[PDB]
Every structure is written in structure tokens, then in C-alpha cells.
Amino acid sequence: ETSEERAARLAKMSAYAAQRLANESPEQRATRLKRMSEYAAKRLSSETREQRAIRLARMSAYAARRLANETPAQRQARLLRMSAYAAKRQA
């Protein structure tokens, strides 16, 4: 299959997925997300030490970039949230 053919098959696949999600009830949505959670729990509890260390390292790097791309309003709101949460814990 060519690079072009693959892209057209996958565009269609993505469109059917989009339709199916847009047709879900809120109950179907929440059942889907519960299964996603379980699948992820199950992957994590059998993770090796090394796989864990790689996952955290990537997570700490996704976080760095995300922070670095934040607008000034987003930064500011993030600091407010942390500052209010710290204040609550102190008091």
C-alpha cells in the first residue's frame, strides 16, 4: 500500500471513529473511559522498573515543554492555582 493509500484509508477510519464518538451517550462515553482507565492501570502494575523510569523521564520532559509553551495568562493562572493550594495546606 502506498503512503498516499494508507493516509486515505486512515482518514476514513478516523472519520468513522469521530461519528461513533459523536453518537455515544454520556453513559457509553463514561463506560468507554472506565475501560481505558483499567487498561492503563493494568499496563502500569506490570511495568518493569526500567519501563517505569523511562515513562517518568518522558513525562517530566513532556511537562517541561508544555510549561515552556504556555502563554503568560496560562502561566499566571497556573501559579495562582499552586499558590492557593499551598495556602490551603499551610492553614
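All residue numbers refer to positions in the sequence shown, first residue = 1.
>> Ranking the modelled residues of this chain by C-alpha B-factor as given in the entry, is residue 57 in the lowest, middle or highest third?
In response: Tercile = middle for this residue's CA B-factor.
> If you rank every modelled residue in this chain by C-alpha B factor, which third holds residue 25: lowest, middle or highest?
Replying inline: CA B-factor rank for residue 25: middle third.
> Can you tell me which third, lowest, middle or highest, the CA B-factor of residue 69 falls into for its chain?
Replying inline: As the PDB entry reports it, the C-alpha B-factor of residue 69 lands in the highest third of its chain.
>> Could you place residue 32 in the lowest, middle or highest third of its chain by Cα temperature factor, using the values in the record?
In response: Lowest third.
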